[PDB]
$ cat structure_34.txt   # compact mmCIF, C-alpha atoms
# COMPACT_ATOMS: atom_id res chain seq x y z
CA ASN W 1 -12.34 96.76 126.15
CA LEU W 2 -8.69 97.85 125.93
CA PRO W 3 -7.06 94.40 125.95
CA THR W 4 -5.09 93.46 129.06
CA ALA W 5 -1.56 92.07 128.70
CA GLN W 6 -2.92 88.50 128.70
CA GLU W 7 -5.54 89.43 126.10
CA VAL W 8 -2.94 91.09 123.85
CA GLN W 9 -0.97 87.81 123.81
CA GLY W 10 -4.04 85.91 122.66
CA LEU W 11 -5.04 88.46 120.01
CA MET W 12 -1.57 88.58 118.52
CA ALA W 13 -1.20 84.79 118.57
CA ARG W 14 -4.55 84.55 116.77
CA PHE W 15 -3.37 87.05 114.16
CA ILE W 16 -0.44 84.83 113.11
CA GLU W 17 -2.84 81.85 113.01
CA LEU W 18 -4.98 83.75 110.50
CA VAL W 19 -1.99 84.77 108.38
CA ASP W 20 -0.83 81.15 108.41
CA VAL W 21 -4.14 79.74 107.09
CA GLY W 22 -4.63 82.72 104.79
CA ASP W 23 -8.12 83.78 105.87
CA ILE W 24 -8.03 87.29 104.39
CA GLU W 25 -11.48 88.29 105.63
CA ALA W 26 -10.79 87.25 109.23
CA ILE W 27 -7.47 89.15 109.15
CA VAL W 28 -9.01 92.38 107.84
CA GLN W 29 -11.73 92.18 110.48
CA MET W 30 -9.07 92.18 113.22
CA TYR W 31 -8.06 95.70 112.21
CA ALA W 32 -10.01 98.84 113.08
CA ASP W 33 -11.87 100.34 110.09
CA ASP W 34 -9.35 103.19 109.84
CA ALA W 35 -6.21 101.33 110.98
CA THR W 36 -2.79 102.14 109.51
CA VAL W 37 -0.16 99.57 108.55
CA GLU W 38 3.54 100.30 107.97
CA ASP W 39 5.01 97.21 106.32
CA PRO W 40 7.90 97.28 106.18
CA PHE W 41 8.43 100.01 108.78
CA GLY W 42 10.07 102.89 106.92
CA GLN W 43 7.71 102.97 103.93
CA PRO W 44 4.54 105.11 103.75
CA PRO W 45 1.53 103.59 105.59
CA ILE W 46 -1.66 102.14 104.14
CA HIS W 47 -4.87 103.39 105.72
CA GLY W 48 -8.21 101.69 106.24
CA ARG W 49 -9.67 98.23 105.71
CA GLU W 50 -9.98 98.55 101.93
CA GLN W 51 -6.27 99.25 101.42
CA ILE W 52 -5.35 96.71 104.09
CA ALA W 53 -7.45 93.99 102.44
CA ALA W 54 -5.69 94.73 99.12
CA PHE W 55 -2.32 94.52 100.88
CA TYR W 56 -3.04 91.11 102.43
CA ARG W 57 -4.73 89.73 99.32
CA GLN W 58 -1.67 90.77 97.32
CA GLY W 59 0.78 89.41 99.89
CA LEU W 60 -1.15 86.17 100.42
CA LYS W 61 0.72 79.73 99.89
CA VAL W 62 2.41 81.60 102.78
CA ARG W 63 3.07 79.91 106.14
CA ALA W 64 3.73 81.98 109.26
CA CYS W 65 4.72 80.91 112.77
CA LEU W 66 5.54 82.62 116.05
CA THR W 67 9.22 82.05 116.80
CA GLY W 68 9.01 83.31 120.37
CA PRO W 69 6.48 84.53 122.95
CA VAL W 70 4.34 87.63 122.46
CA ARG W 71 5.66 90.55 124.51
CA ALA W 72 2.76 92.58 125.84
CA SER W 73 2.47 95.85 127.75
CA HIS W 74 -0.31 97.21 129.95
CA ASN W 75 -1.36 99.97 127.56
CA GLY W 76 -2.86 97.77 124.83
CA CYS W 77 0.38 97.20 122.94
CA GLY W 78 2.46 94.19 122.05
CA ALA W 79 5.34 92.95 119.95
CA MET W 80 6.03 89.52 118.55
CA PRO W 81 8.78 87.68 116.65
CA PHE W 82 7.83 85.41 113.76
CA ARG W 83 8.93 83.80 110.52
CA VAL W 84 7.15 83.85 107.17
CA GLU W 85 7.91 81.14 104.65
CA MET W 86 7.21 81.81 100.99
CA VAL W 87 8.42 80.45 97.65
CA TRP W 88 9.73 83.47 95.74
CA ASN W 89 9.51 82.62 92.02
CA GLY W 90 10.00 78.86 92.29
CA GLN W 91 12.79 79.35 94.83
CA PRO W 92 11.74 79.04 98.51
CA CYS W 93 12.61 81.76 101.03
CA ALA W 94 12.04 82.77 104.67
CA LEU W 95 11.60 86.19 106.27
CA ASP W 96 12.16 87.03 109.95
CA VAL W 97 9.85 89.79 111.15
CA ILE W 98 8.82 91.56 114.33
CA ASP W 99 5.35 93.12 114.46
CA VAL W 100 4.48 95.90 116.90
CA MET W 101 0.74 96.45 117.42
CA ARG W 102 -1.43 98.91 119.30
CA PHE W 103 -5.05 97.97 119.96
CA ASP W 104 -8.05 100.23 120.53
CA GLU W 105 -10.74 100.14 123.24
CA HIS W 106 -12.67 97.60 121.14
CA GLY W 107 -9.86 95.07 120.88
CA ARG W 108 -9.01 95.87 117.27
CA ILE W 109 -5.58 96.70 115.80
CA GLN W 110 -5.35 100.48 115.55
CA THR W 111 -1.79 100.64 114.19
CA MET W 112 0.76 98.04 113.15
CA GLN W 113 4.46 98.32 112.32
CA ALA W 114 6.51 95.53 110.77
CA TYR W 115 10.27 95.49 111.26
CA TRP W 116 12.28 93.70 108.57
CA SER W 117 14.40 94.39 105.49
CA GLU W 118 16.59 92.42 103.05
CA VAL W 119 18.92 91.59 105.96
CA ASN W 120 16.16 89.39 107.36
CA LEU W 121 15.48 87.49 104.12
CA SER W 122 16.91 84.03 103.37
CA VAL W 123 16.33 82.83 99.81
CA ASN S 1 26.14 108.41 109.90
CA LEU S 2 22.54 107.18 110.13
CA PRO S 3 23.23 103.44 110.45
CA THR S 4 22.26 101.26 107.49
CA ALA S 5 20.20 98.11 108.08
CA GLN S 6 23.39 96.02 108.36
CA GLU S 7 24.90 98.53 110.79
CA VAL S 8 21.76 98.54 112.96
CA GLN S 9 22.07 94.75 113.34
CA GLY S 10 25.64 95.11 114.56
CA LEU S 11 24.89 97.98 116.95
CA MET S 12 21.96 96.19 118.52
CA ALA S 13 23.88 92.91 118.81
CA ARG S 14 26.68 94.83 120.53
CA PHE S 15 24.19 96.39 122.95
CA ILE S 16 23.08 92.97 124.26
CA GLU S 17 26.76 91.98 124.56
CA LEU S 18 27.32 94.99 126.83
CA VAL S 19 24.24 94.24 128.94
CA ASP S 20 25.41 90.64 129.26
CA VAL S 21 28.89 91.55 130.61
CA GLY S 22 27.48 94.44 132.62
CA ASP S 23 29.73 97.25 131.35
CA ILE S 24 27.55 100.15 132.52
CA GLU S 25 29.80 102.87 131.10
CA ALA S 26 29.96 101.31 127.63
CA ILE S 27 26.15 100.91 127.64
CA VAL S 28 25.48 104.53 128.61
CA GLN S 29 27.88 105.73 125.92
CA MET S 30 25.79 103.93 123.27
CA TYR S 31 22.89 106.27 123.99
CA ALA S 32 22.66 109.87 122.80
CA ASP S 33 23.21 112.44 125.59
CA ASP S 34 19.49 113.28 125.66
CA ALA S 35 18.07 109.85 124.78
CA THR S 36 14.78 108.63 126.27
CA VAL S 37 14.12 105.10 127.52
CA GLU S 38 10.67 103.59 128.14
CA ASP S 39 11.24 100.38 130.09
CA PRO S 40 8.84 98.76 130.31
CA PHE S 41 6.90 100.42 127.50
CA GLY S 42 3.83 101.95 129.14
CA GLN S 43 5.61 103.66 132.05
CA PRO S 44 6.94 107.25 131.95
CA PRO S 45 10.31 107.62 130.16
CA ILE S 46 13.71 108.44 131.65
CA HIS S 47 15.62 111.19 129.87
CA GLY S 48 19.34 111.72 129.41
CA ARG S 49 22.53 109.83 130.20
CA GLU S 50 22.49 110.60 133.93
CA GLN S 51 19.05 109.04 134.48
CA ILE S 52 19.87 106.22 132.07
CA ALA S 53 23.11 105.39 133.90
CA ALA S 54 21.16 105.26 137.18
CA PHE S 55 18.60 102.97 135.54
CA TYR S 56 21.22 100.50 134.28
CA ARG S 57 23.31 100.64 137.45
CA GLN S 58 20.16 99.87 139.44
CA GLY S 59 19.04 97.11 137.06
CA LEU S 60 22.52 95.58 136.76
CA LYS S 61 24.75 89.34 137.91
CA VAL S 62 22.36 89.61 134.92
CA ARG S 63 22.91 87.56 131.74
CA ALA S 64 21.25 88.57 128.47
CA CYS S 65 21.18 86.82 125.10
CA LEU S 66 19.60 87.44 121.70
CA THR S 67 16.97 84.76 121.11
CA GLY S 68 16.51 85.59 117.44
CA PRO S 69 17.93 87.83 114.70
CA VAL S 70 17.84 91.62 114.85
CA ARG S 71 15.11 93.03 112.58
CA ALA S 72 16.32 96.24 111.00
CA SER S 73 14.70 98.89 108.81
CA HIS S 74 16.22 101.42 106.41
CA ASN S 75 15.39 104.46 108.52
CA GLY S 76 17.82 103.80 111.39
CA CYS S 77 15.47 101.62 113.42
CA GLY S 78 15.52 98.05 114.62
CA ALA S 79 13.84 95.55 116.91
CA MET S 80 15.25 92.50 118.62
CA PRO S 81 14.04 89.58 120.75
CA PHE S 82 16.06 88.56 123.80
CA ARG S 83 16.01 86.90 127.20
CA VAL S 84 17.32 88.27 130.48
CA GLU S 85 18.22 85.87 133.25
CA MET S 86 18.29 87.13 136.82
CA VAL S 87 18.01 85.62 140.30
CA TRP S 88 15.13 87.46 141.97
CA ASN S 89 15.71 87.23 145.74
CA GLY S 90 17.51 83.89 145.81
CA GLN S 91 15.03 82.43 143.33
CA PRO S 92 16.17 82.47 139.65
CA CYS S 93 13.95 83.94 136.94
CA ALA S 94 13.92 84.76 133.21
CA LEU S 95 12.33 87.64 131.30
CA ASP S 96 11.49 87.67 127.58
CA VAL S 97 11.79 91.14 126.08
CA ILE S 98 11.68 92.89 122.72
CA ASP S 99 13.58 96.16 122.36
CA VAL S 100 12.73 98.70 119.66
CA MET S 101 15.46 101.28 118.99
CA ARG S 102 15.83 104.37 116.84
CA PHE S 103 19.34 105.67 116.17
CA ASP S 104 20.47 109.20 115.31
CA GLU S 105 22.79 110.46 112.55
CA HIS S 106 25.77 109.72 114.80
CA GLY S 107 24.97 106.06 115.36
CA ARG S 108 23.70 106.52 118.92
CA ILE S 109 20.40 105.32 120.40
CA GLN S 110 18.00 108.25 120.33
CA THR S 111 14.97 106.43 121.77
CA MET S 112 14.40 102.93 123.10
CA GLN S 113 11.21 101.07 124.01
CA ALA S 114 11.13 97.76 125.85
CA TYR S 115 8.12 95.48 125.48
CA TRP S 116 7.46 93.11 128.37
CA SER S 117 5.24 92.69 131.44
CA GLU S 118 4.54 90.03 134.10
CA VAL S 119 3.22 87.75 131.35
CA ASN S 120 6.79 87.46 130.07
CA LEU S 121 8.36 86.61 133.44
CA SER S 122 9.20 83.05 134.53
CA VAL S 123 10.27 82.73 138.16
$ encode --input "structure_34.txt" --output "structure tokens"
Amino acid sequence: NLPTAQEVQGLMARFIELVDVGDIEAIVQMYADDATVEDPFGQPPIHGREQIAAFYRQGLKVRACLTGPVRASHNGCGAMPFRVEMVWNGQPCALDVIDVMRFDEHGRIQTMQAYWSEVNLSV
Amino acid sequence: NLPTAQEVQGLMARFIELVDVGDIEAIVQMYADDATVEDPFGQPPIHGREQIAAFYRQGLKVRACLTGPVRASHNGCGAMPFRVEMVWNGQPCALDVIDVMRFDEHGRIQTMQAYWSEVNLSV
């Protein structure tokens, strides 16, 4: 069903867990079949599981961790702060991001927006 | 002008500074005259400076602090994680919140959404 506030916290925490281990298939399955992703927020969105799988396969040796609690609403939405550690061309770097997600009545991510830019990168 | 990513970080950091000291008039002036606020996200929005001033005067002895860096995009938007400390009826409590803001071409907050619920309260 439409995830409650407590359920949204668990779903979003799980999402970061999946990104951390790099299980591309488990990540893609968390999204609705026609979900849209705007990463970073400001650029045109990618639509559907095929494009999303390509996005995550391309983006993912990356370690991600929640840097604060998941903020959840009562209308199936949530927002969370986290850090992504990568090694950009031999040189290691970190990226601070905030993801905003809206879930559907099946508990899947319907839309996702990622807030970050070069100001949040540390290389 | 439409704030750059670096400018959005400064504006949002300033906003928390104002909430922390409790300068209601300086806070209200940061919003556009017809801005909308959804706090908490999920409830109907308040529109305009009059209603917003009433909201902040009612809500504000409160101390707020950024708990992580401001995430900013290139389209005049940003998101930030912070904690609000209040003393609910003699008993002290904290609230973890994430604010998402969109600025206009004048550098004022056009819309603001606050993500939090009872799951983010510690009393």
$ closest_atom_pairs --input "structure_34.txt" --of "chain W" --to "chain S" --cutoff "6 Å" --atoms "only C-alpha atoms" --output "JSON lines"
{"residue": "W:42", "atom": "CA", "partner": "S:75", "partner_atom": "CA", "distance": 5.8}
{"residue": "W:71", "atom": "CA", "partner": "S:116", "partner_atom": "CA", "distance": 5.0}
{"residue": "W:72", "atom": "CA", "partner": "S:116", "partner_atom": "CA", "distance": 5.4}
{"residue": "W:73", "atom": "CA", "partner": "S:117", "partner_atom": "CA", "distance": 5.6}
{"residue": "W:75", "atom": "CA", "partner": "S:42", "partner_atom": "CA", "distance": 5.8}
{"residue": "W:115", "atom": "CA", "partner": "S:71", "partner_atom": "CA", "distance": 5.6}
{"residue": "W:116", "atom": "CA", "partner": "S:71", "partner_atom": "CA", "distance": 5.0}
{"residue": "W:117", "atom": "CA", "partner": "S:73", "partner_atom": "CA", "distance": 5.6}
$ atom_distance --input "structure_34.txt" --atom1 "atom CA of residue 30 of chain S" --atom2 "atom CA of residue 8 of chain S"
12.3 Å
$ atom_distance --input "structure_34.txt" --atom1 "atom CA of residue 49 of chain W" --atom2 "atom CA of residue 37 of chain W"
10.0 Å
$ closest_residue --input "structure_34.txt" --among "W:22, W:10, W:3, W:44" --to "residue 113 of chain W" --atoms "all atoms listed in the file"
W:44
$ residues_near_point --input "structure_34.txt" --point "(24.7, 87.8, 139.3)" --cutoff "9 Å" --atoms "only C-alpha atoms" --output "VMD selection string"
chain S and resid 60 to 63 86 to 87
$ atom_distance --input "structure_34.txt" --atom1 "atom CA of residue 19 of chain S" --atom2 "atom CA of residue 38 of chain S"
16.5 Å
$ residues_around --input "structure_34.txt" --residues "residue 24 of chain S" --least-positions-apart "5" --cutoff "9 Å" --atoms "all atoms listed in the file" --output "list in words"
residues 18, 19, 29, 53, 56, 57 and 60 of chain S
$ residues_around --input "structure_34.txt" --residues "residue 47 of chain S" --least-positions-apart "6" --cutoff "12 Å" --atoms "all atoms listed in the file" --output "ChimeraX atom specification"
/S:28,31-39,53-55,110-112
$ decode --input "structure_34.txt" --residues "segment 1-97 of chain W" --atoms "C-alpha atoms" --output "PDB file, in the first residue's frame"
ATOM      1  CA  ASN W   1       0.000   0.000   0.000  1.00  0.00           C
ATOM      2  CA  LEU W   2       0.980   3.688   0.031  1.00  0.00           C
ATOM      3  CA  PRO W   3       3.858   3.498   2.529  1.00  0.00           C
ATOM      4  CA  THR W   4       3.287   5.112   5.921  1.00  0.00           C
ATOM      5  CA  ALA W   5       5.894   7.513   7.318  1.00  0.00           C
ATOM      6  CA  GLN W   6       7.614   4.640   9.167  1.00  0.00           C
ATOM      7  CA  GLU W   7       7.587   2.515   6.011  1.00  0.00           C
ATOM      8  CA  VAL W   8       9.064   5.329   3.911  1.00  0.00           C
ATOM      9  CA  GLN W   9      12.015   5.518   6.336  1.00  0.00           C
ATOM     10  CA  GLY W  10      12.680   1.816   5.894  1.00  0.00           C
ATOM     11  CA  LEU W  11      12.334   1.854   2.101  1.00  0.00           C
ATOM     12  CA  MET W  12      14.668   4.798   1.712  1.00  0.00           C
ATOM     13  CA  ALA W  13      17.223   3.346   4.138  1.00  0.00           C
ATOM     14  CA  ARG W  14      17.123   0.107   2.134  1.00  0.00           C
ATOM     15  CA  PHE W  15      17.695   2.045  -1.093  1.00  0.00           C
ATOM     16  CA  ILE W  16      21.026   3.461   0.157  1.00  0.00           C
ATOM     17  CA  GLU W  17      21.988  -0.053   1.321  1.00  0.00           C
ATOM     18  CA  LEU W  18      21.480  -1.302  -2.241  1.00  0.00           C
ATOM     19  CA  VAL W  19      23.457   1.578  -3.768  1.00  0.00           C
ATOM     20  CA  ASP W  20      26.244   0.895  -1.273  1.00  0.00           C
ATOM     21  CA  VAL W  21      26.602  -2.808  -2.197  1.00  0.00           C
ATOM     22  CA  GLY W  22      25.968  -2.075  -5.866  1.00  0.00           C
ATOM     23  CA  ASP W  23      23.121  -4.528  -6.510  1.00  0.00           C
ATOM     24  CA  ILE W  24      21.869  -2.946  -9.746  1.00  0.00           C
ATOM     25  CA  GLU W  25      18.976  -5.366 -10.226  1.00  0.00           C
ATOM     26  CA  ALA W  26      17.619  -4.884  -6.698  1.00  0.00           C
ATOM     27  CA  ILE W  27      17.852  -1.086  -7.133  1.00  0.00           C
ATOM     28  CA  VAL W  28      15.978  -1.055 -10.451  1.00  0.00           C
ATOM     29  CA  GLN W  29      13.259  -3.256  -8.961  1.00  0.00           C
ATOM     30  CA  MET W  30      12.621  -0.634  -6.254  1.00  0.00           C
ATOM     31  CA  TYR W  31      11.439   1.802  -8.925  1.00  0.00           C
ATOM     32  CA  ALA W  32       8.053   1.659 -10.633  1.00  0.00           C
ATOM     33  CA  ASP W  33       8.226   0.421 -14.252  1.00  0.00           C
ATOM     34  CA  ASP W  34       7.618   3.945 -15.576  1.00  0.00           C
ATOM     35  CA  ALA W  35       9.399   5.937 -12.843  1.00  0.00           C
ATOM     36  CA  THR W  36      11.269   9.164 -13.640  1.00  0.00           C
ATOM     37  CA  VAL W  37      14.636  10.157 -12.194  1.00  0.00           C
ATOM     38  CA  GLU W  38      16.094  13.685 -12.212  1.00  0.00           C
ATOM     39  CA  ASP W  39      19.748  13.344 -11.236  1.00  0.00           C
ATOM     40  CA  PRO W  40      21.009  15.900 -10.703  1.00  0.00           C
ATOM     41  CA  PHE W  41      17.817  17.913 -10.264  1.00  0.00           C
ATOM     42  CA  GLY W  42      17.855  20.515 -13.037  1.00  0.00           C
ATOM     43  CA  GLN W  43      18.733  18.175 -15.911  1.00  0.00           C
ATOM     44  CA  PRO W  44      16.145  16.375 -18.093  1.00  0.00           C
ATOM     45  CA  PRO W  45      14.673  13.225 -16.482  1.00  0.00           C
ATOM     46  CA  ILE W  46      15.192   9.590 -17.457  1.00  0.00           C
ATOM     47  CA  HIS W  47      12.024   7.538 -17.769  1.00  0.00           C
ATOM     48  CA  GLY W  48      11.383   3.862 -17.130  1.00  0.00           C
ATOM     49  CA  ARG W  49      13.316   0.899 -15.776  1.00  0.00           C
ATOM     50  CA  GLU W  50      15.413   0.383 -18.911  1.00  0.00           C
ATOM     51  CA  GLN W  51      16.854   3.911 -18.850  1.00  0.00           C
ATOM     52  CA  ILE W  52      17.152   3.798 -15.064  1.00  0.00           C
ATOM     53  CA  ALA W  53      19.077   0.509 -15.159  1.00  0.00           C
ATOM     54  CA  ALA W  54      21.468   2.049 -17.711  1.00  0.00           C
ATOM     55  CA  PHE W  55      21.889   5.092 -15.459  1.00  0.00           C
ATOM     56  CA  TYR W  56      22.776   3.015 -12.385  1.00  0.00           C
ATOM     57  CA  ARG W  57      24.946   0.556 -14.298  1.00  0.00           C
ATOM     58  CA  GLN W  58      26.857   3.521 -15.726  1.00  0.00           C
ATOM     59  CA  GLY W  59      27.103   5.298 -12.369  1.00  0.00           C
ATOM     60  CA  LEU W  60      28.025   2.135 -10.456  1.00  0.00           C
ATOM     61  CA  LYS W  61      33.277   0.694  -6.505  1.00  0.00           C
ATOM     62  CA  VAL W  62      30.930   3.360  -5.057  1.00  0.00           C
ATOM     63  CA  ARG W  63      30.130   3.488  -1.322  1.00  0.00           C
ATOM     64  CA  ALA W  64      27.080   5.371  -0.055  1.00  0.00           C
ATOM     65  CA  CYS W  65      25.928   6.099   3.487  1.00  0.00           C
ATOM     66  CA  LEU W  66      23.063   7.968   5.130  1.00  0.00           C
ATOM     67  CA  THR W  67      24.497  11.007   6.910  1.00  0.00           C
ATOM     68  CA  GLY W  68      21.307  11.787   8.806  1.00  0.00           C
ATOM     69  CA  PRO W  69      17.805  10.404   9.427  1.00  0.00           C
ATOM     70  CA  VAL W  70      15.233   9.941   6.674  1.00  0.00           C
ATOM     71  CA  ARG W  71      12.595  12.690   6.766  1.00  0.00           C
ATOM     72  CA  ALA W  72       9.222  11.237   5.860  1.00  0.00           C
ATOM     73  CA  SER W  73       5.782  12.718   5.251  1.00  0.00           C
ATOM     74  CA  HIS W  74       2.320  11.155   5.443  1.00  0.00           C
ATOM     75  CA  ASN W  75       1.654  11.283   1.707  1.00  0.00           C
ATOM     76  CA  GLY W  76       4.186   8.651   0.619  1.00  0.00           C
ATOM     77  CA  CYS W  77       7.130  11.018   0.287  1.00  0.00           C
ATOM     78  CA  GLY W  78      10.501  11.335   1.934  1.00  0.00           C
ATOM     79  CA  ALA W  79      13.855  13.061   1.771  1.00  0.00           C
ATOM     80  CA  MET W  80      17.244  11.901   2.959  1.00  0.00           C
ATOM     81  CA  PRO W  81      20.799  13.251   3.279  1.00  0.00           C
ATOM     82  CA  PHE W  82      23.712  11.043   2.238  1.00  0.00           C
ATOM     83  CA  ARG W  83      27.290  10.914   1.016  1.00  0.00           C
ATOM     84  CA  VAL W  84      28.661   9.032  -1.977  1.00  0.00           C
ATOM     85  CA  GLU W  85      32.332   8.156  -2.066  1.00  0.00           C
ATOM     86  CA  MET W  86      33.970   7.478  -5.412  1.00  0.00           C
ATOM     87  CA  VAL W  87      37.491   7.549  -6.839  1.00  0.00           C
ATOM     88  CA  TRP W  88      37.332   9.914  -9.810  1.00  0.00           C
ATOM     89  CA  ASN W  89      40.180   8.927 -12.169  1.00  0.00           C
ATOM     90  CA  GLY W  90      42.615   7.624  -9.567  1.00  0.00           C
ATOM     91  CA  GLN W  91      41.849  10.564  -7.283  1.00  0.00           C
ATOM     92  CA  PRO W  92      39.233   9.881  -4.544  1.00  0.00           C
ATOM     93  CA  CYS W  93      36.238  12.185  -4.085  1.00  0.00           C
ATOM     94  CA  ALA W  94      33.018  12.542  -2.064  1.00  0.00           C
ATOM     95  CA  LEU W  95      29.611  13.928  -3.030  1.00  0.00           C
ATOM     96  CA  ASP W  96      26.946  15.202  -0.617  1.00  0.00           C
ATOM     97  CA  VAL W  97      23.435  14.599  -1.929  1.00  0.00           C
TER      98      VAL W  97
END
